[PDB]
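Data block for model24.cif (mmCIF, C-alpha atoms):
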```
data_upload
loop_
_atom_site.label_atom_id
_atom_site.label_comp_id
_atom_site.auth_asym_id
_atom_site.auth_seq_id
_atom_site.Cartn_x
_atom_site.Cartn_y
_atom_site.Cartn_z
CA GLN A 3 -15.95 3.17 -12.26
CA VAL A 4 -12.56 4.24 -10.84
CA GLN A 5 -10.00 2.02 -12.54
CA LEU A 6 -6.22 1.81 -12.61
CA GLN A 7 -4.51 -0.51 -15.04
CA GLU A 8 -0.80 -1.22 -15.21
CA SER A 9 1.13 -2.39 -18.26
CA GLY A 10 4.69 -3.03 -19.29
CA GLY A 11 5.92 -5.91 -17.14
CA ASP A 12 8.37 -8.27 -18.76
CA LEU A 13 11.37 -10.49 -18.24
CA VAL A 14 14.46 -8.23 -18.14
CA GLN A 15 18.19 -8.87 -17.80
CA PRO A 16 20.30 -7.46 -14.91
CA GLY A 17 21.41 -3.94 -15.76
CA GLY A 18 18.46 -3.50 -18.16
CA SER A 19 15.70 -0.88 -18.44
CA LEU A 20 11.91 -1.17 -18.55
CA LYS A 21 9.08 1.38 -18.62
CA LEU A 22 5.76 0.68 -16.86
CA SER A 23 2.53 2.60 -17.48
CA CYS A 24 -0.59 2.91 -15.36
CA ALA A 25 -3.70 4.23 -17.05
CA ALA A 26 -6.38 5.82 -14.86
CA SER A 27 -10.05 6.24 -15.63
CA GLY A 28 -13.24 7.36 -13.88
CA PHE A 29 -11.89 10.27 -11.80
CA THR A 30 -10.01 13.56 -12.15
CA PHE A 31 -6.51 12.11 -12.26
CA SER A 32 -4.78 15.47 -11.61
CA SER A 33 -6.55 15.80 -8.25
CA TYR A 34 -4.65 12.88 -6.69
CA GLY A 35 -1.18 11.89 -5.72
CA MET A 36 -0.08 8.46 -7.01
CA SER A 37 2.48 5.80 -6.13
CA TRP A 38 4.11 2.65 -7.40
CA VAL A 39 4.16 -0.17 -4.79
CA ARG A 40 5.79 -3.52 -5.51
CA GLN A 41 5.14 -6.92 -3.95
CA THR A 42 8.24 -9.09 -3.79
CA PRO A 43 8.16 -12.91 -3.87
CA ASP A 44 8.27 -12.99 -0.04
CA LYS A 45 4.89 -11.14 -0.19
CA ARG A 46 6.34 -7.92 1.28
CA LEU A 47 4.95 -4.62 -0.04
CA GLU A 48 7.40 -1.83 -0.71
CA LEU A 49 6.76 1.69 -1.98
CA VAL A 50 9.20 2.42 -4.78
CA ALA A 51 8.07 5.84 -6.01
CA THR A 52 5.51 8.54 -5.25
CA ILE A 53 4.43 11.71 -7.01
CA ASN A 54 2.19 14.65 -6.15
CA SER A 55 -0.96 15.56 -8.08
CA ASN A 56 0.60 18.13 -10.40
CA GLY A 57 3.60 15.91 -11.20
CA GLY A 58 6.21 18.38 -10.07
CA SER A 59 7.52 16.65 -6.96
CA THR A 60 8.71 13.10 -6.51
CA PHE A 61 10.09 10.80 -3.82
CA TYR A 62 11.98 7.49 -3.92
CA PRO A 63 13.30 5.26 -1.10
CA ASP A 64 17.04 4.56 -0.99
CA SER A 65 16.57 1.06 -2.58
CA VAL A 66 15.69 2.55 -6.01
CA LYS A 67 16.69 6.23 -5.87
CA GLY A 68 18.83 7.09 -8.90
CA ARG A 69 17.57 4.03 -10.82
CA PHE A 70 13.79 4.65 -11.06
CA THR A 71 11.93 7.75 -12.29
CA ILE A 72 8.22 8.35 -11.71
CA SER A 73 6.32 10.77 -13.89
CA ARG A 74 2.76 11.54 -14.95
CA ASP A 75 1.07 12.95 -18.02
CA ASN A 76 -2.09 14.42 -16.60
CA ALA A 77 -3.56 15.06 -20.04
CA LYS A 78 -3.34 11.33 -20.81
CA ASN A 79 -4.37 10.30 -17.27
CA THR A 80 -1.33 8.10 -17.09
CA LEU A 81 1.41 7.38 -14.53
CA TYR A 82 4.83 6.05 -15.59
CA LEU A 83 7.74 4.24 -13.96
CA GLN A 84 11.02 4.24 -15.81
CA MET A 85 13.28 1.56 -14.39
CA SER A 86 16.99 1.34 -15.10
CA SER A 87 19.98 -0.59 -13.81
CA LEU A 88 17.65 -3.43 -12.87
CA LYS A 89 18.75 -5.83 -10.16
CA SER A 90 17.61 -9.21 -8.80
CA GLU A 91 15.93 -7.42 -5.90
CA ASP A 92 13.60 -5.65 -8.37
CA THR A 93 11.67 -8.83 -9.31
CA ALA A 94 8.14 -8.18 -8.10
CA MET A 95 4.52 -7.46 -8.95
CA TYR A 96 4.31 -3.70 -9.54
CA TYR A 97 1.12 -1.89 -8.59
CA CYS A 98 0.05 1.63 -9.08
CA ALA A 99 -2.09 3.01 -6.32
CA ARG A 100 -4.05 6.18 -5.71
CA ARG A 101 -3.32 8.32 -2.60
CA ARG A 102 -6.33 9.65 -0.70
CA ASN A 103 -5.82 12.21 2.05
CA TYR A 104 -9.32 12.42 3.55
CA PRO A 105 -10.56 13.92 5.73
CA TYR A 106 -8.07 16.72 5.10
CA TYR A 107 -6.69 18.70 8.04
CA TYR A 108 -3.42 20.29 9.02
CA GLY A 109 -0.73 17.59 8.98
CA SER A 110 -3.16 14.87 7.80
CA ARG A 111 -1.44 11.98 5.97
CA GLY A 112 -3.00 9.80 3.27
CA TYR A 113 -3.34 6.16 2.38
CA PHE A 114 -4.09 4.03 -0.69
CA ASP A 115 -7.75 3.77 -1.64
CA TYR A 116 -7.50 2.24 -5.16
CA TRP A 117 -4.98 -0.16 -6.73
CA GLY A 118 -4.50 -1.60 -10.16
CA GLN A 119 -4.29 -5.34 -10.82
CA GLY A 120 -0.47 -5.23 -11.08
CA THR A 121 2.12 -5.97 -13.75
CA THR A 122 4.89 -8.55 -13.21
CA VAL A 123 8.55 -7.63 -13.63
CA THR A 124 11.08 -10.47 -13.55
CA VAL A 125 14.84 -9.82 -13.50
CA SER A 126 16.71 -12.86 -14.75
CA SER A 127 19.81 -14.30 -13.17
CA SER A 138 16.04 4.94 9.27
CA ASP A 139 12.92 3.59 7.49
CA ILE A 140 10.10 2.81 9.92
CA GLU A 141 9.91 -0.93 10.44
CA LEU A 142 6.49 -2.51 11.05
CA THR A 143 6.46 -5.92 12.63
CA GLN A 144 3.23 -7.93 12.56
CA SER A 145 2.23 -10.65 14.98
CA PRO A 146 1.35 -13.39 14.62
CA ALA A 147 2.58 -14.13 11.11
CA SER A 148 -0.14 -16.74 10.69
CA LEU A 149 -3.24 -17.60 12.59
CA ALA A 150 -6.11 -20.03 12.23
CA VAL A 151 -9.44 -19.52 13.93
CA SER A 152 -12.85 -21.16 13.76
CA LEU A 153 -15.81 -19.48 12.12
CA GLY A 154 -17.38 -16.93 14.49
CA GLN A 155 -14.21 -16.47 16.62
CA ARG A 156 -12.24 -13.24 16.84
CA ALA A 157 -8.96 -12.75 15.04
CA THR A 158 -6.54 -10.27 16.62
CA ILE A 159 -3.63 -9.06 14.45
CA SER A 160 -0.98 -6.79 15.96
CA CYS A 161 1.43 -4.34 14.31
CA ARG A 162 4.35 -2.76 16.17
CA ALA A 163 6.20 0.21 14.67
CA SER A 164 9.90 0.89 15.31
CA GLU A 165 9.03 4.54 16.15
CA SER A 166 5.80 6.41 16.76
CA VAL A 167 3.62 6.98 13.70
CA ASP A 168 1.55 9.63 15.45
CA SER A 169 1.49 13.30 14.67
CA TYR A 170 -1.10 16.07 15.12
CA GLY A 171 -3.07 13.98 17.66
CA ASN A 172 -3.70 11.18 15.18
CA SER A 173 -2.13 7.88 14.14
CA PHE A 174 -1.15 7.37 10.49
CA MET A 175 -1.40 3.56 10.47
CA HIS A 176 -3.68 1.79 7.97
CA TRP A 177 -4.80 -1.82 7.35
CA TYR A 178 -5.29 -3.67 4.06
CA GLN A 179 -6.65 -7.07 3.11
CA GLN A 180 -5.15 -9.05 0.24
CA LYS A 181 -6.57 -12.17 -1.41
CA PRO A 182 -4.75 -14.30 -4.04
CA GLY A 183 -4.48 -12.78 -7.51
CA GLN A 184 -5.77 -9.42 -6.21
CA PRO A 185 -4.20 -6.17 -5.00
CA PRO A 186 -4.51 -5.07 -1.35
CA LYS A 187 -7.84 -3.51 -0.36
CA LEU A 188 -8.13 -0.78 2.27
CA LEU A 189 -10.03 -1.81 5.43
CA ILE A 190 -9.08 0.78 8.06
CA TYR A 191 -7.45 4.20 7.68
CA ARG A 192 -5.70 6.23 10.37
CA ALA A 193 -5.80 3.41 12.96
CA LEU A 194 -9.55 3.32 13.60
CA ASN A 195 -11.64 4.61 10.67
CA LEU A 196 -13.61 1.96 8.75
CA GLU A 197 -13.46 2.41 4.96
CA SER A 198 -16.81 2.78 3.15
CA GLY A 199 -18.13 -0.59 2.05
CA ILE A 200 -16.12 -2.49 4.70
CA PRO A 201 -18.20 -4.56 7.22
CA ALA A 202 -18.40 -3.51 10.86
CA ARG A 203 -16.80 -6.79 11.98
CA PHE A 204 -13.49 -5.07 11.18
CA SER A 205 -12.14 -2.66 13.76
CA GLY A 206 -8.82 -1.02 14.43
CA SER A 207 -7.25 0.32 17.58
CA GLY A 208 -4.00 1.62 18.93
CA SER A 209 -1.67 4.57 18.93
CA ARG A 210 1.98 5.58 18.68
CA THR A 211 3.84 2.29 18.17
CA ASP A 212 1.18 -0.33 18.95
CA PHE A 213 -1.83 -1.15 16.73
CA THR A 214 -4.37 -3.90 16.45
CA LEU A 215 -6.78 -5.09 13.78
CA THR A 216 -9.68 -7.09 15.19
CA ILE A 217 -12.02 -9.17 13.05
CA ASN A 218 -15.01 -10.32 15.05
CA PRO A 219 -16.79 -12.54 14.21
CA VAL A 220 -14.64 -14.10 11.49
CA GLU A 221 -16.37 -15.39 8.33
CA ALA A 222 -14.96 -17.60 5.56
CA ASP A 223 -14.72 -14.53 3.28
CA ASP A 224 -12.07 -13.11 5.65
CA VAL A 225 -9.41 -15.67 4.69
CA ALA A 226 -6.69 -13.40 3.34
CA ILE A 227 -3.35 -11.80 4.23
CA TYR A 228 -3.61 -8.60 6.26
CA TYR A 229 -1.08 -5.78 6.13
CA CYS A 230 -0.43 -2.72 8.25
CA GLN A 231 1.09 0.41 6.69
CA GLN A 232 2.35 3.74 8.04
CA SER A 233 2.18 7.11 6.30
CA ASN A 234 3.59 9.30 9.10
CA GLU A 235 6.97 9.51 7.33
CA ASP A 236 8.50 8.89 3.93
CA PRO A 237 8.98 6.26 2.74
CA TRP A 238 5.60 4.83 3.57
CA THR A 239 6.23 1.31 4.83
CA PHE A 240 4.27 -1.91 5.27
CA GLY A 241 4.41 -4.76 7.73
CA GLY A 242 5.18 -8.26 6.40
CA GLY A 243 1.61 -9.55 6.45
CA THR A 244 -0.40 -11.89 8.63
CA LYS A 245 -2.16 -14.87 7.04
CA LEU A 246 -5.62 -15.68 8.40
CA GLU A 247 -7.07 -19.16 7.76
CA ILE A 248 -10.00 -21.21 9.07
CA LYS A 249 -9.25 -24.06 11.49
#
```
Please express what this file holds, its structure, as structure tokens.
Amino acid sequence: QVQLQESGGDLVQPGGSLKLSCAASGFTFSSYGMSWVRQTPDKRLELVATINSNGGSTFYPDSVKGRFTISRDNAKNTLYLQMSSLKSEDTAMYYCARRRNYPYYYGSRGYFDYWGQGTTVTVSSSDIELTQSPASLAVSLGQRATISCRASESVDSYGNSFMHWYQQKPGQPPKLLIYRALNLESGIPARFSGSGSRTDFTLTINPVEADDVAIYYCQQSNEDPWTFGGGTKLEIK
């Protein structure tokens, strides 16, 4: 019964302000770091703000730093995003997402285990780059699908790789499949497997079923900002 639910999206003019809210339920909100991640019309995912569990420390990528403020009211189990000086580039679906850093060990980096359904914002008229290949593939039922992600620099530290894989279907947020390159998320079928290290990672789906038609995203958490690859669309031939 973990739920996140965003509100506040609207049509805004350039230069305008807008405040988004994300209301959490079904867990101890103060125990978890949180982020806002937006999905632009080109289907890219971009972290725009992140906050620690106690709300005292915050991080923003260069794209939005100085314009956006993330905050949390732990008593009200709510996350906020105050947006100002809005620009065309800010038009996107905005998601809040919960950070999970598990198992926990020295240097361990987290990933997103829960997402809200998103709220739409429309503005009227040295980051690590992850490149996926192929951008699109079609396979027959029962075949393997092999999706590659290459990072611009290594995403390894402490003997481990902080690369994760998500699945996204239409109308839905991303869903975590694989964390830290090779660990299968609870509830995810064993036909999904991840491999790789340093700069070179692979998601293998074998055998593919019709339920696996989706866009698949890699994401690194070895450095801030956390960054996502551009997605790979899987269809059935």
Near residue 144 (chain A), within 12 Å and counting all atoms listed in the file, which residues show up once chain neighbours fewer than 5 positions away are dropped, as an NGL selection string? :A and (46 or 149 or 158-164 or 177 or 211-215 or 227-231 or 240-245)
Given the file shown, determine the residues that the PyMOL selection byres ((chain A and resi 63) around 8) selects; report them as a VMD selection string. chain A and resid 49 to 51 61 to 62 64 to 67 236 to 237
Let's have the selection written as a CSV table (one decimal), keeping the file's coordinate frame, with C-alpha atoms.
```
chain,number,residue,atom,x,y,z
A,49,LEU,CA,6.8,1.7,-2.0
A,50,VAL,CA,9.2,2.4,-4.8
A,51,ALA,CA,8.1,5.8,-6.0
A,61,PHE,CA,10.1,10.8,-3.8
A,62,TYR,CA,12.0,7.5,-3.9
A,64,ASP,CA,17.0,4.6,-1.0
A,65,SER,CA,16.6,1.1,-2.6
A,66,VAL,CA,15.7,2.6,-6.0
A,67,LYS,CA,16.7,6.2,-5.9
A,236,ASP,CA,8.5,8.9,3.9
A,237,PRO,CA,9.0,6.3,2.7
```
If you take only C-alpha atoms and a cut-off of 12 Å, which residues of region 113-204 of chain A touch region 23-31 of chain A, and what are their nearest atom pairs and distances in Å to one decimal, in chain and number order, as a Markdown table?
```
| residue | atom | partner | partner_atom | distance |
| --- | --- | --- | --- | --- |
| A:116 | CA | A:26 | CA | 10.4 |
| A:117 | CA | A:24 | CA | 10.2 |
| A:118 | CA | A:24 | CA | 7.9 |
| A:119 | CA | A:24 | CA | 10.1 |
| A:120 | CA | A:24 | CA | 9.2 |
| A:121 | CA | A:23 | CA | 9.4 |
```
Just to be explicit: take each residue in the selection above, keep C-alpha atoms, and write the result as a short mmCIF file (atom, residue, chain, number, x, y, z; two decimals), keeping the file's coordinate frame.
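Result file follows (result.cif):
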```
data_model
loop_
_atom_site.label_atom_id
_atom_site.label_comp_id
_atom_site.auth_asym_id
_atom_site.auth_seq_id
_atom_site.Cartn_x
_atom_site.Cartn_y
_atom_site.Cartn_z
CA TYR A 116 -7.50 2.24 -5.16
CA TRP A 117 -4.98 -0.16 -6.73
CA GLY A 118 -4.50 -1.60 -10.16
CA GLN A 119 -4.29 -5.34 -10.82
CA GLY A 120 -0.47 -5.23 -11.08
CA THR A 121 2.12 -5.97 -13.75
#
```
Can you sort out the box for region 49-58 of chain A, edges along x, y and z, all listed atoms in, 8 Å on every side, with centre and edge lengths in Å to one decimal, as AutoDock Vina command-line options?
```
--center_x 4.1 --center_y 10.0 --center_z -6.6 --size_x 26.2 --size_y 32.7 --size_z 25.2
```
Considering all atoms listed in the file, return as a PyMOL selection string whatever protein or nucleic-acid residues lie within 9 Å of region 194-207 of chain A, sequence-local ones (same chain, fewer than 6 positions apart) excluded. chain A and resi 115+173+175-177+188+213-220
Those selected residues, please, written with C-alpha atoms and delivered as an mmCIF file, keeping the file's coordinate frame.
```cif
data_model
loop_
_atom_site.group_PDB
_atom_site.id
_atom_site.type_symbol
_atom_site.label_atom_id
_atom_site.label_comp_id
_atom_site.auth_asym_id
_atom_site.auth_seq_id
_atom_site.Cartn_x
_atom_site.Cartn_y
_atom_site.Cartn_z
ATOM 1 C CA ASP A 115 -7.750 3.770 -1.640
ATOM 2 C CA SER A 173 -2.130 7.880 14.140
ATOM 3 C CA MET A 175 -1.400 3.560 10.470
ATOM 4 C CA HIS A 176 -3.680 1.790 7.970
ATOM 5 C CA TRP A 177 -4.800 -1.820 7.350
ATOM 6 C CA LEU A 188 -8.130 -0.780 2.270
ATOM 7 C CA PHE A 213 -1.830 -1.150 16.730
ATOM 8 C CA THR A 214 -4.370 -3.900 16.450
ATOM 9 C CA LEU A 215 -6.780 -5.090 13.780
ATOM 10 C CA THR A 216 -9.680 -7.090 15.190
ATOM 11 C CA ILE A 217 -12.020 -9.170 13.050
ATOM 12 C CA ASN A 218 -15.010 -10.320 15.050
ATOM 13 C CA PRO A 219 -16.790 -12.540 14.210
ATOM 14 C CA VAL A 220 -14.640 -14.100 11.490
#
```
For residue 246 (chain A), the nearest of the candidates A:21, A:156, A:192, A:187, counting all atoms listed in the file: A:156
Taking (22.2, 5.9, -9.9) in the coordinates of the supplied file, I want to know which residues reach to within 10 Å of it, counting only C-alpha atoms; could you give the answer as a JSON list (two decimals) with C-alpha atoms, in the frame of the given file?
```json
[["chain", "number", "residue", "atom", "x", "y", "z"],
["A", 66, "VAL", "CA", 15.69, 2.55, -6.01],
["A", 67, "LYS", "CA", 16.69, 6.23, -5.87],
["A", 68, "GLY", "CA", 18.83, 7.09, -8.90],
["A", 69, "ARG", "CA", 17.57, 4.03, -10.82],
["A", 70, "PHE", "CA", 13.79, 4.65, -11.06],
["A", 86, "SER", "CA", 16.99, 1.34, -15.10],
["A", 87, "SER", "CA", 19.98, -0.59, -13.81]]
```
So, counting all atoms listed in the file, which residue among A:35, A:146, A:43, A:171 is closest to residue 58 (chain A)?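 The shortest atom-to-atom distance to residue 58 (chain A) comes from A:35.
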Can you spell out as an NGL selection string the set of residues that the PyMOL selection byres ((chain A and resi 39) around 9) selects in the structure I just provided? :A and (37-38 or 40-41 or 47-52 or 95-99)
Provide region 47-68 of chain A rebuilt to N, CA, C and O atoms, formatted as a PDB file, in the coordinates of the input.
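Output (selection18.pdb):
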```
ATOM      1  N   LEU A  47       5.323  -5.783   0.742  1.00  0.00           N
ATOM      2  CA  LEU A  47       4.950  -4.620  -0.040  1.00  0.00           C
ATOM      3  C   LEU A  47       5.932  -3.507   0.260  1.00  0.00           C
ATOM      4  O   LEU A  47       6.310  -3.258   1.399  1.00  0.00           O
ATOM      5  N   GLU A  48       6.372  -2.847  -0.810  1.00  0.00           N
ATOM      6  CA  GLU A  48       7.400  -1.830  -0.710  1.00  0.00           C
ATOM      7  C   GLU A  48       6.993  -0.678  -1.649  1.00  0.00           C
ATOM      8  O   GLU A  48       6.888  -0.872  -2.859  1.00  0.00           O
ATOM      9  N   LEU A  49       6.898   0.528  -1.116  1.00  0.00           N
ATOM     10  CA  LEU A  49       6.760   1.690  -1.980  1.00  0.00           C
ATOM     11  C   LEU A  49       8.055   1.893  -2.737  1.00  0.00           C
ATOM     12  O   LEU A  49       9.104   1.889  -2.124  1.00  0.00           O
ATOM     13  N   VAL A  50       7.972   2.109  -4.055  1.00  0.00           N
ATOM     14  CA  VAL A  50       9.200   2.420  -4.780  1.00  0.00           C
ATOM     15  C   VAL A  50       9.221   3.811  -5.376  1.00  0.00           C
ATOM     16  O   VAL A  50      10.298   4.259  -5.748  1.00  0.00           O
ATOM     17  N   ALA A  51       8.057   4.466  -5.514  1.00  0.00           N
ATOM     18  CA  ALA A  51       8.070   5.840  -6.010  1.00  0.00           C
ATOM     19  C   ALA A  51       6.737   6.482  -5.717  1.00  0.00           C
ATOM     20  O   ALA A  51       5.700   5.833  -5.724  1.00  0.00           O
ATOM     21  N   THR A  52       6.746   7.822  -5.509  1.00  0.00           N
ATOM     22  CA  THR A  52       5.510   8.540  -5.250  1.00  0.00           C
ATOM     23  C   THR A  52       5.630   9.938  -5.853  1.00  0.00           C
ATOM     24  O   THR A  52       6.732  10.464  -6.060  1.00  0.00           O
ATOM     25  N   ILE A  53       4.473  10.451  -6.272  1.00  0.00           N
ATOM     26  CA  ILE A  53       4.430  11.710  -7.010  1.00  0.00           C
ATOM     27  C   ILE A  53       3.210  12.493  -6.536  1.00  0.00           C
ATOM     28  O   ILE A  53       2.152  11.925  -6.260  1.00  0.00           O
ATOM     29  N   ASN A  54       3.322  13.816  -6.473  1.00  0.00           N
ATOM     30  CA  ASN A  54       2.190  14.650  -6.150  1.00  0.00           C
ATOM     31  C   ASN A  54       1.244  14.810  -7.351  1.00  0.00           C
ATOM     32  O   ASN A  54       1.525  14.388  -8.474  1.00  0.00           O
ATOM     33  N   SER A  55       0.144  15.486  -7.109  1.00  0.00           N
ATOM     34  CA  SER A  55      -0.960  15.560  -8.080  1.00  0.00           C
ATOM     35  C   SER A  55      -0.544  16.286  -9.354  1.00  0.00           C
ATOM     36  O   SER A  55      -0.856  15.837 -10.479  1.00  0.00           O
ATOM     37  N   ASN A  56       0.219  17.376  -9.208  1.00  0.00           N
ATOM     38  CA  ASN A  56       0.600  18.130 -10.400  1.00  0.00           C
ATOM     39  C   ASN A  56       1.859  17.617 -11.087  1.00  0.00           C
ATOM     40  O   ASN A  56       2.209  18.090 -12.167  1.00  0.00           O
ATOM     41  N   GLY A  57       2.464  16.540 -10.570  1.00  0.00           N
ATOM     42  CA  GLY A  57       3.600  15.910 -11.200  1.00  0.00           C
ATOM     43  C   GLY A  57       4.948  16.584 -11.032  1.00  0.00           C
ATOM     44  O   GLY A  57       5.907  16.131 -11.668  1.00  0.00           O
ATOM     45  N   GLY A  58       4.992  17.626 -10.200  1.00  0.00           N
ATOM     46  CA  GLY A  58       6.210  18.380 -10.070  1.00  0.00           C
ATOM     47  C   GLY A  58       7.136  17.906  -8.972  1.00  0.00           C
ATOM     48  O   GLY A  58       8.294  18.324  -8.998  1.00  0.00           O
ATOM     49  N   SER A  59       6.658  17.063  -8.054  1.00  0.00           N
ATOM     50  CA  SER A  59       7.520  16.650  -6.960  1.00  0.00           C
ATOM     51  C   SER A  59       7.414  15.141  -6.810  1.00  0.00           C
ATOM     52  O   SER A  59       6.311  14.598  -6.878  1.00  0.00           O
ATOM     53  N   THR A  60       8.565  14.549  -6.543  1.00  0.00           N
ATOM     54  CA  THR A  60       8.710  13.100  -6.510  1.00  0.00           C
ATOM     55  C   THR A  60       9.563  12.654  -5.346  1.00  0.00           C
ATOM     56  O   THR A  60      10.394  13.404  -4.854  1.00  0.00           O
ATOM     57  N   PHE A  61       9.330  11.403  -4.900  1.00  0.00           N
ATOM     58  CA  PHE A  61      10.090  10.800  -3.820  1.00  0.00           C
ATOM     59  C   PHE A  61      10.343   9.330  -4.114  1.00  0.00           C
ATOM     60  O   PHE A  61       9.448   8.636  -4.577  1.00  0.00           O
ATOM     61  N   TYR A  62      11.555   8.880  -3.768  1.00  0.00           N
ATOM     62  CA  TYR A  62      11.980   7.490  -3.920  1.00  0.00           C
ATOM     63  C   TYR A  62      12.714   7.066  -2.672  1.00  0.00           C
ATOM     64  O   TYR A  62      13.552   7.811  -2.182  1.00  0.00           O
ATOM     65  N   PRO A  63      12.470   5.836  -2.184  1.00  0.00           N
ATOM     66  CA  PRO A  63      13.300   5.260  -1.100  1.00  0.00           C
ATOM     67  C   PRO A  63      14.705   5.001  -1.630  1.00  0.00           C
ATOM     68  O   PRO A  63      14.948   4.911  -2.821  1.00  0.00           O
ATOM     69  N   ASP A  64      15.643   4.852  -0.687  1.00  0.00           N
ATOM     70  CA  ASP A  64      17.040   4.560  -0.990  1.00  0.00           C
ATOM     71  C   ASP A  64      17.274   3.335  -1.892  1.00  0.00           C
ATOM     72  O   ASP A  64      18.206   3.364  -2.688  1.00  0.00           O
ATOM     73  N   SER A  65      16.427   2.297  -1.800  1.00  0.00           N
ATOM     74  CA  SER A  65      16.570   1.060  -2.580  1.00  0.00           C
ATOM     75  C   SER A  65      16.581   1.331  -4.091  1.00  0.00           C
ATOM     76  O   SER A  65      17.222   0.602  -4.846  1.00  0.00           O
ATOM     77  N   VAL A  66      15.893   2.379  -4.569  1.00  0.00           N
ATOM     78  CA  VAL A  66      15.690   2.550  -6.010  1.00  0.00           C
ATOM     79  C   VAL A  66      16.082   3.948  -6.480  1.00  0.00           C
ATOM     80  O   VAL A  66      16.062   4.212  -7.679  1.00  0.00           O
ATOM     81  N   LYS A  67      16.366   4.852  -5.526  1.00  0.00           N
ATOM     82  CA  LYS A  67      16.690   6.230  -5.870  1.00  0.00           C
ATOM     83  C   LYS A  67      17.918   6.259  -6.793  1.00  0.00           C
ATOM     84  O   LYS A  67      18.894   5.562  -6.572  1.00  0.00           O
ATOM     85  N   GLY A  68      17.818   7.037  -7.858  1.00  0.00           N
ATOM     86  CA  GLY A  68      18.830   7.090  -8.900  1.00  0.00           C
ATOM     87  C   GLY A  68      18.616   6.070 -10.013  1.00  0.00           C
ATOM     88  O   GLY A  68      19.238   6.201 -11.048  1.00  0.00           O
TER      89      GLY A  68
END
```
